[PDB]
RNA sequence: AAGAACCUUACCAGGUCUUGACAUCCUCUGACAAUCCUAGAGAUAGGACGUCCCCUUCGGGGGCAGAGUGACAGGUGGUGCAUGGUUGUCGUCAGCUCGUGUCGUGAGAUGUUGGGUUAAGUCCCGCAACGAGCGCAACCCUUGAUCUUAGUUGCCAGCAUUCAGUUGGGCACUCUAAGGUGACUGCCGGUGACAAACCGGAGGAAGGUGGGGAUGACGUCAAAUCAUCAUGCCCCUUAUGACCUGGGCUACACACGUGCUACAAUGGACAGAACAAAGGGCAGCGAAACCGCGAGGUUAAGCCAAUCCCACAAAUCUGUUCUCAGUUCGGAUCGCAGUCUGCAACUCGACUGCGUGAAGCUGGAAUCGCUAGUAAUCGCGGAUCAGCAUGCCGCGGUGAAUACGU
């Protein structure tokens, strides 16, 4: 029985360590600090869809370089909400963290925003074939080597085993030098927690040196 | 998979023995090859000094009277089979002789298994005894069924 | 003999921050006088510690995460007090440990 | 070693223990001599009226067992024993084969 | 009893040899890692998602 | 400053020796301990002395082997492998027959790490027969 | 205890200094289980926590250092 | 379960509280709380001691605490046949499918079958199919060969130096982690339907996926998990919730399961000598010195650690001796006597002393793991962790036999 973290399988060999920091006589305040800031943007992203939240430890000041799909949706009205939740995070963890911003375009190349946004886009009464084919057409048509999205579990109520992993194109699932983006989310409708998991293997980088 | 052979050993400590080097390869038990080298060299001095004669001639006559020819290879159509005659190959010859002389001679019961094992090999030097009794034993069981299971294999 | 040489040893999470960051850290040693020593490579210690990789059962099917952390060192020769006090202008990397050990 | 029986969600009734025990006494009523046979049985009609049984008997040098579902819960024991029928006759026949012949 | 269990395990211990280790993200007992500061399931999931440098695994 | 002789450092199972064989008479006692001082006796010392007994069999020059690592076959086998390769650095044409009489390759047979749930990297877990 | 020393109950030490101080009191509950009997706390009755209710234990003179919670029975026997 | 004396802990007995141990919200007062005393085994209840803001121009803002006050909070309750997530095995076994086309009224098939060859649906060639997807492989890490960079705490040839690479000195060797290089059927002789592959050899540190790891295809088992966590429903709520003391999880006619230590001379006891690798160490490791047979105690240099400590490796080699026996073997049980840990070692931590010396003389039918640095065997370190390893995970040492064949 196998299944593997694609996002942890390729991490550190071709993928990047999403949490950077020095370490450290006290790794505990770093670990819980990064989890708590990950839930800080996690709570502050009910409608922004920040597809990654990198925080950097910088000698008594965090550099929480929060990425975002749309810039001004979390970037505030020209500096209002970003300074507000930023300073509020400064009095939320204890370190005055000058949180930067990021503009993630190409939503078919963003894993958690496109898949999780497909899931909440399914939570509004959207069907399994309509949600999966619709995400395969928007993000599946957006440009990538292959995106395969499936919403596995409760959908339709009874006889709960439902695995429609509808997705096409090539997939470096076992190609260890592929560097695919593959993260899932969890939608919680009225029938039950019937979440979705999809990855979009955009393309590998050829190894070289000089 | 085919016949995947094995490697042998180098020449012995005293002196340039190779088949006796395999005798030291069987001489240990539980890995600690130093105790086996000590008991084997003690058999060399015990049988070459006591019982005044050589060493390679004494072992060549013990295993030379120990290395069997025929052996029993089982088979049948099912229940009540026939123990066929299956003669030894060369390395099966020296291996079977090392098994009979080692496992018979080290289980004697003298004051030591080293000197007593040398006494078992010395009694085996007379073309009989424990190891030679086993070579006559398997040499006698085969050829008891050598008239029926001979031309089957 | 010599003098107590000023050189900050580097500690990093991965191995490329100590390599490249040790490179530009030699770029701080090109100026400020002279005598910046080369890459004295540290032991590069790791830690291997595995947990039970199942929810409740499957006690044999474990998993072993293991994350090592070691980086090279650099100790300069010529004193250069203006560059020695000028070593506080450290810009990179994001994950790296500098500590002027002299 | 013979005839330990336990069951979840239910009693360990001796009118269930001798009821399973006489019926599992057919095989060692019939075979040579064994020391074996642990039994598991439970369930009810919480959903879809079921009673899983699964009786293992690994005595004759290689294991053999079965499993069946019913609501009636005594009438699945019979449908465990006569499942074990073929497994214990085909342990002995299949092996009790006399097709042996040399040059005929 | 997650609230009273984990919350009481967050309180002050009775004797000095009373303070037992707790679970990091989910307050489980039983082998929360003292050097990584997380549980077994917490160290697995939070470590595979990105928590500190680094992976993990498969040397030796 | 001495005669141009062997200094070849090679490993075998985590015991790399540094044999320094000068122009001598056959003295093989490395690290201040003799062959009968480091690890006696034991008739495997002939096996740890055979590679010098193969490069025309033999010189014999001196022998100064600084061997640290492994165990009996580690220090001894690393000594014979180091004097075998660096002994190939003693005579330049010694690799013709000395390369064909074994005397190289540093077999590297170290322990295999057991997997998650194995006994000793070869011992299987268990059997519940019946 | 190794050297300093026999660890008294404390509350049982207050009841032992008091009831063993004078008047030779009668046996009641004593929910502690830690220390043994004492030199001066002999004679009395410890109806210590047997798990459900008390159990009248004698403050004898044979178990000088033996544990006062050791005299009671812990698990309900026997038995088969 | 990568640690049950209390906590753990859910379970038992007893004493308690009911918007409650944890959170939001309305109002409301207050800065909150702490520190001792009593009674209690405790939770608690009473006192006395005590507290009594950072910002406005009074209306504040702001957590903190208390109260009412219901919206609420809780469940390690039930449902793994409501579920998400996750994980086993079938199994690293090599398969598992589709687009297009054709056949066949259809389900279906064809590809994927035939010929070889491989570990492989691996590769090649025919073929009514042509293509692609996941799988295989490789890419990743480690492992034996070097180059180059770079020499400090690591290495010490080449010099002086001692008890001590310790110290002026040195960066040759070893070693350290970065970039590379190196092995890919590369080359030669063939075999083979030329192709595929296969037999043999050189050379090299290494030869036909080098050794090992990571990596586990759709599917199966309504397999495991509502108790790591989250979650549909049902049910409880002045108790299935919460707090505390003691107990239990360790019980014991009995059957198993996996391991340890033995039954012994290749052994047992001693004396001396020699060989590692790996990891941890600041709420920590603990040097030396003395004390204690002893386990350990005392103080204390040093080490934020390639420097210092844990640390001494043990099996092994050289001598004395036991001599075949339930013993000068083996070791439980159990008693007295000490140490260390802790609020406390009686249920229930280990270690040491003296004594005691069960049963065992290689274990039935049957059953197991094992292809070389492997089996087997001898020790070391570490996660949990105050204490608690014969387990678990790594580390090195001694060093085998056999594979006739299906």
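Chains as they are written, first to last, in full-length UniProt numbering: chain A, 2 to 211; chain B, 4 to 156; chain C, 1 to 102; chain D, 1 to 104; chain E, 2 to 61; chain F, 1 to 130; chain G, 4 to 83. Yeah, the Cβ is synthetic: ideal placement off N, Cα and C, and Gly gets one too.
Checking 8 Å against the spacing of the C-beta atoms, do residue i and residue j come in under that value?
{"i": "residue 43 (chain E)", "j": "residue 25 (chain E)", "result": "yes"}
{"i": "residue 43 (chain D)", "j": "residue 52 (chain D)", "result": "yes"}
{"i": "residue 146 (chain A)", "j": "residue 170 (chain A)", "result": "yes"}
{"i": "residue 104 (chain B)", "j": "residue 128 (chain B)", "result": "no"}
{"i": "residue 35 (chain D)", "j": "residue 20 (chain D)", "result": "no"}
{"i": "residue 88 (chain A)", "j": "residue 55 (chain A)", "result": "no"}
{"i": "residue 44 (chain F)", "j": "residue 103 (chain F)", "result": "no"}
{"i": "residue 15 (chain F)", "j": "residue 67 (chain F)", "result": "yes"}
{"i": "residue 91 (chain B)", "j": "residue 101 (chain B)", "result": "no"}
{"i": "residue 284 (chain A)", "j": "residue 180 (chain A)", "result": "It is not possible to answer for residue 284 (chain A), since the shown part of chain A is limited to 2 through 211."}
{"i": "residue 88 (chain D)", "j": "residue 31 (chain D)", "result": "yes"}
{"i": "residue 65 (chain A)", "j": "residue 75 (chain A)", "result": "no"}
Among the options, whose alpha-carbon lies nearest the alpha-carbon of residue i?
{"i": "residue 72 (chain B)", "options": "B:34, B:137 and B:128", "result": "B:137"}
{"i": "residue 52 (chain E)", "options": "A:183, A:9 and A:179", "result": "A:9"}
{"i": "residue 112 (chain A)", "options": "A:206, A:14, A:21 and A:197", "result": "A:197"}
{"i": "residue 209 (chain A)", "options": "A:136, A:67, A:40 and A:178", "result": "A:178"}
{"i": "residue 9 (chain C)", "options": "C:1, C:2, C:3 and C:18", "result": "C:18"}
{"i": "residue 94 (chain F)", "options": "F:113, F:51 and F:17", "result": "F:51"}
{"i": "residue 93 (chain B)", "options": "B:146, B:80, B:67 and B:111", "result": "B:67"}
{"i": "residue 41 (chain D)", "options": "D:79, D:58, D:100 and D:60", "result": "D:79"}
{"i": "residue 49 (chain G)", "options": "G:79, G:29 and G:20", "result": "G:29"}
{"i": "residue 152 (chain A)", "options": "A:135, A:176, A:28 and A:142", "result": "A:135"}
Leaving out the 5 sequence neighbours to the left and right, which residues in its chain are closer than 8 Å to residue i when beta-carbon positions are compared?
{"i": "residue 157 (chain A)", "result": "129, 163 and 192"}
{"i": "residue 3 (chain E)", "result": "28"}
{"i": "residue 62 (chain A)", "result": "96, 97, 98 and 99"}
In whole angstroms, what separates the C-alpha of residue i from that of residue j?
{"i": "residue 11 (chain B)", "j": "residue 97 (chain D)", "result": "45 Å"}
{"i": "residue 107 (chain B)", "j": "residue 85 (chain B)", "result": "27 Å"}
{"i": "residue 70 (chain C)", "j": "residue 24 (chain A)", "result": "11 Å"}
{"i": "residue 26 (chain C)", "j": "residue 109 (chain F)", "result": "41 Å"}
{"i": "residue 124 (chain A)", "j": "residue 132 (chain A)", "result": "9 Å"}
{"i": "residue 131 (chain B)", "j": "residue 26 (chain F)", "result": "47 Å"}
{"i": "residue 42 (chain F)", "j": "residue 15 (chain B)", "result": "10 Å"}
{"i": "residue 129 (chain F)", "j": "residue 68 (chain C)", "result": "42 Å"}
{"i": "residue 114 (chain B)", "j": "residue 50 (chain B)", "result": "16 Å"}
{"i": "residue 61 (chain F)", "j": "residue 21 (chain F)", "result": "6 Å"}
{"i": "residue 35 (chain F)", "j": "residue 29 (chain F)", "result": "5 Å"}
{"i": "residue 7 (chain G)", "j": "residue 4 (chain D)", "result": "55 Å"}
If you drop the 5 nearest sequence neighbours on each side, which residues of the same chain put their C-beta closer than 7 Å to that of residue i?
{"i": "residue 50 (chain A)", "result": "70, 114 and 118"}
{"i": "residue 40 (chain E)", "result": "24, 25, 26, 27, 29 and 33"}
{"i": "residue 14 (chain G)", "result": "35"}
Which same chain residues, not among the five before or five after residue i, have their C-beta less than 6 Å away from its C-beta?
{"i": "residue 34 (chain C)", "result": "78"}
Inset, instruction - Could you list the residues in the stretch 2-28 of chain C with a C-beta less than 8 Å from some C-beta on chain E, going in chain order? - result: For the stretch 2-28 of chain C, the residues whose beta carbon sits under 8 Å from a beta carbon of chain E are, in order, 13 and 14.
Inset, instruction - Could you list the residues in the stretch 77-107 of chain A with a C-beta less than 8 Å from some C-beta on chain E, going in chain order? - result: Within the stretch 77-107 of chain A, no residue has a Cβ that lies closer than 8 Å to any Cβ of chain E.
Legend entry - Short-range partners of chain C found in the stretch 4-31 of chain F, where Cβ spacing is below 8 Å: Answer in chain order: no residues at all.
Inset, instruction - May I ask you to list, following chain order, the residues of the stretch 11-22 of chain D that have a beta carbon less than 7 Å from some beta carbon of chain B? - result: Residues passing the 7 Å Cβ filter: none.
Legend entry - Contact list for the stretch 94-122 of chain F against chain C, Cβ threshold 8 Å: So the close ones are 116 and 117.
Inset, instruction - Return the residues of the stretch 38-57 of chain E that lie within a Cβ-Cβ distance of less than 7 Å from chain C, sorted by chain order. - result: If the cut-off is 7 Å between Cβ atoms, the stretch 38-57 of chain E has 41, 44, 45, 48, 54, 55, 56 and 57 near chain C.
Inset, instruction - Give, in chain order, every residue of the stretch 5-33 of chain E whose Cβ lies closer than 8 Å to some Cβ of chain C. - result: Within the stretch 5-33 of chain E, the residues whose Cβ lies closer than 8 Å to some Cβ of chain C are 32, listed in chain order.
Legend entry - Residues in the stretch 17-49 of chain A having any Cβ partner in chain C nearer than 8 Å: Going along the stretch 17-49 of chain A in chain order, one finds 18, 21, 22, 23 and 24 with a Cβ nearer than 8 Å to chain C.
Legend entry - Contact residues within the stretch 76-103 of chain D, judged by C-beta distance below 9 Å to chain B: Taking 9 Å as the Cβ-Cβ cut-off, the stretch 76-103 of chain D approaches chain B at 96, 97, 98, 99, 100, 101 and 102, given in chain order.
Legend entry - Interface positions of the stretch 37-60 of chain B facing chain F (Cβ-Cβ less than 9 Å), listed along the chain: Going along the stretch 37-60 of chain B in chain order, one finds 37, 40, 41 and 44 with a Cβ nearer than 9 Å to chain F.
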